[PDB]
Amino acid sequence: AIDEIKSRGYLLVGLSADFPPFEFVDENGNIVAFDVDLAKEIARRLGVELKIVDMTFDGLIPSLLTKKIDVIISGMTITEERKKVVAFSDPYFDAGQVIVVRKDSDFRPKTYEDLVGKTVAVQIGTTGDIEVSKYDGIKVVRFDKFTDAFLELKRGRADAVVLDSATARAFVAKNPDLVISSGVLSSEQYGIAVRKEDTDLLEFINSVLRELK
């Protein structure tokens, strides 16, 4: 809780920095982008310093539950399944899943059904993984890091990547060989995850988000 954060002198924020425009590693090795700046605002308003801890996305809730981080600010969708294990702030971004393919491939899937019979790369433990995993006949290939999922697609070892719309746009801008084939397939909102007992921290973060909006 806040007493504990004040006592070490800094907020510990967990994320996976493979997710522009929310968090990524720049060419100097620094972790930057929207969530980083959100983290900084929260810390400044709390009156403490900030430490970002980059890890695998699917390790973030494990890290939060074991108190190795205070909060997750990592483009994380608020889900009923996750609301069983953690608390979320008010939402701060709307997105949904899309399908990315190679422009040179002779296919342009529009729906999850269109990926039946195809090999689809996802980042493990994302809402994208969760969705494609429900469809029998999609062969899912799962990666800790989105960079590796895109390398799989570029190299032709997968047919498609499924991931959130804003990040899909960022990866396709970097990779003119790739294209978003589908419209948006889900209605998701991002929130900041806090341990359920840390009601003080949740409240404070909600107040910061409200002032920002």
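In case it trips you up, residue 1 is the first one in the sequence shown, and so on.
Judged by mean Cα B factor in the deposited record, 56-64 ranks above the other of 166-174 and 56-64. Of the two segments examined, 186-194 and 21-29, it is 21-29 that shows the higher average Cα temperature factor in the deposited entry.
Between the residues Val85, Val120, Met76, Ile99, it is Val85 that shows the highest Cα B-factor in the PDB record.
Among the modelled residues of its chain, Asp37 has a C-alpha B-factor that falls in the lowest third, as given in the PDB entry.
Split the chain's modelled residues into thirds by C-alpha temperature factor. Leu151 is in the highest one. Compared with the other modelled residues of the chain, the Cα B-factor recorded for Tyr92 ranks in the lowest third. Placement of the Cα temperature factor of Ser133 within the chain: highest third of the modelled residues, per the deposited record.
Split the chain's modelled residues into thirds by C-alpha temperature factor. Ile205 is in the middle one.
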